[PDB]
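The structure under discussion appears below in the form of structure tokens.
Numbering of residues begins at 1 and proceeds along the displayed sequence. When reading the values below, keep in mind they use all heavy atoms of this one structure, side chains included, and skip hydrogens, waters and symmetry mates.
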Amino acid sequence: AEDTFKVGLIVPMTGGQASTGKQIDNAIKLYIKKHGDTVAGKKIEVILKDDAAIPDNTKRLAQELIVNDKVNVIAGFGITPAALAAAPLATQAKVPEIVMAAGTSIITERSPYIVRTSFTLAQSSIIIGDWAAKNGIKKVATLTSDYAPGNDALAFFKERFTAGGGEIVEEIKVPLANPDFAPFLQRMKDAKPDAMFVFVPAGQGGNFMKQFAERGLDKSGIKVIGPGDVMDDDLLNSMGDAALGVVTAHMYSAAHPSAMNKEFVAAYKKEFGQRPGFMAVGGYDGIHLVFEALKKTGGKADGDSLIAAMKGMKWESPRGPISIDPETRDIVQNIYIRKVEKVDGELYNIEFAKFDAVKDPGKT
């Protein structure tokens, strides 16, 4: 048992956010295919548990992994409440909690053992806020999922956009579970703002765009902006021409021109027959952090040693250069602005702007 290192992966494999857990599970499989399953004399075992994005299930499964399976690390957490539900047990058992998906700013402050490899909504939202203001968009209506990351997206977009002389004319919120976009989009057809600012979690953008095109807003001259979540690369292949010209700020694009991303995407497509999205890259880097931490401690598997090793650690990711902030345990990464274009018959988020090494604005 001393030659074994266990990772308890708690992600949604079923339900609304199933696409998140599918991507993270896949990326981790690929990382192991490409790097092996052994570091510092320890055989890594990933134990997968489907919480179906229900926080009550996340707590039960995290307790079951830590106490019964005696995992060294817990990872994943598709939504913010899933991450928050597991934080007390991570703190009590001194087990690192690797947040590979959830994007609310405060998450890292809720446990000293939390480290994040995904993003915060504030990171992207401040950038699209500034861009919209500087690009002649004056009147914006917002649609944001009615929970923590959506509130973060809205608050940070609003702050930067209004400081640039923009006006928010309407604020609309929809549930995380089975949102209906029709009423808001009908409101958009009558009251016509310059753009809509839209946040919906990974896996939902396809449904938004489907209803967007059905209400014919593609011709209305209302631009679509926001953080990249709506323009999920896992979903872009299914979207029609209405998505063309949608401008988002985000930390990852499948079209990121780097050699490592070229290699990552090709390998992902070959192995799974699908384009990887931003959730996949969150898992891929989450498990890299686990591998590289064990290497740096020389096999020491206790929580304190791992966290200390994880802090300040920097590497190149398919998304670009990233690092774990030694002070906050949150991810410091580039934020890009992208435009949806068609290349070789496929829609891509094409990066045209780059902001270097953005710390979470929710903590700065």
Side-chain angles (χ1 to χ4, degrees), residues 1-11 24 28 31 37-49 51 55-118 120 282-283 285-315 322-332 360 362-363:
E2 290 165 5
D3 305 322
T4 306
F5 188 92
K6 291 169 172 179
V7 178
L9 191 65
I10 317 162
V11 293
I24 289 162
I28 289 169
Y31 188 89
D37 65 346
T38 313
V39 149
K42 306 262 189 161
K43 184 91 83 182
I44 321 293
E45 182 189 335
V46 179
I47 307 166
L48 177 72
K49 292 295 178 182
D51 71 349
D56 271 316
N57 291 348
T58 316
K59 189 189 175 73
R60 176 191 56 93
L61 295 170
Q63 181 275 341
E64 211 270 339
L65 289 162
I66 283 161
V67 183
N68 299 343
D69 300 345
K70 283 200 189 70
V71 295
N72 307 69
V73 159
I74 51 169
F77 313 99
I79 64 166
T80 284
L84 299 180
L89 308 174
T91 301
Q92 186 186 30
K94 303 183 178 174
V95 173
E97 174 176 335
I98 318 296
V99 185
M100 287 164 168
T104 302
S105 280
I106 37 94
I107 289 167
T108 57
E109 298 201 61
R110 293 290 139 99
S111 176
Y113 293 88
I114 286 174
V115 182
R116 172 152 50 192
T117 52
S118 46
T120 71
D285 282 307
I287 199 63
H288 179 82
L289 184 66
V290 174
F291 273 58
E292 290 295 296
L294 264 180
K295 196 173 179 184
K296 197 169 161 189
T297 54
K300 307 278 179 178
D302 70 298
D304 291 14
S305 297
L306 293 171
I307 294 304
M310 288 178 184
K311 287 172 169 175
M313 192 184 279
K314 49 184 72 178
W315 65 101
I322 65 175
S323 74
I324 306 303
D325 193 313
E327 297 173 57
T328 63
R329 289 160 290 106
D330 221 335
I331 180 160
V332 178
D360 173 40
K363 281 185 293 283

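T117 places a side-chain N or O within 3.5 Å of a backbone atom of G282 that can act as its donor or acceptor partner. Side-chain N or O atoms of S118 include one that pairs as donor or acceptor with a backbone N or O of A101 at under 3.5 Å. Between the side chain of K42 and the backbone N or O of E2, at least one donor-acceptor pair lies under 3.5 Å. Without hydrogens or angle criteria, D37 side chain to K43 main chain gives no donor-acceptor distance under 3.5 Å. Remark: side-chain polar atoms of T297 are paired, donor with acceptor, to backbone N or O of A293 under 3.5 angstrom. The backbone N or O of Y113 sits less than 3.5 Å from a side-chain atom of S111, completing a donor-acceptor pair.
Donor-acceptor pairing under 3.5 Å is lacking for the side chains of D285 and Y31. For the residue pair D51/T58, the side-chain donor-acceptor check at 3.5 Å is satisfied.
With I331 as the partner, the side-chain contact (heavy atoms from CB on, under 4.5 Å) test is satisfied by one option alone out of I322, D325, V115: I322. Tested against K6 for a side-chain contact (heavy atoms from CB on, under 4.5 Å), the candidates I44, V73, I66, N72 yield a single pass: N72.
Between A86 and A62, the closest heavy-atom pair is CB-CB, 4.3 Å. Taking all atoms of both residues into account, the shortest heavy-atom contact from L306 to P96 is CD1-CG, 3.8 Å. A pairwise comparison of heavy atoms in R329 and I307 identifies CD-CG2, 4.2 Å as the closest pair. Here the shortest heavy-atom pairing between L89 and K59 reads CD1-O, 3.4 Å.
In this structure, the side-chain hydrogen bond (donor to acceptor under 3.5 Å, both in side chains) partners of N68, at least two apart in sequence or on a different chain, are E64. Judged as a salt bridge (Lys or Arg N to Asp or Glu O under 4.0 Å), and not counting sequence neighbours, the contacts of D360 are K363.
Annotation for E45: atom CD counts as buried by contact number, over 12 foreign heavy atoms lying within 6.0 Å.
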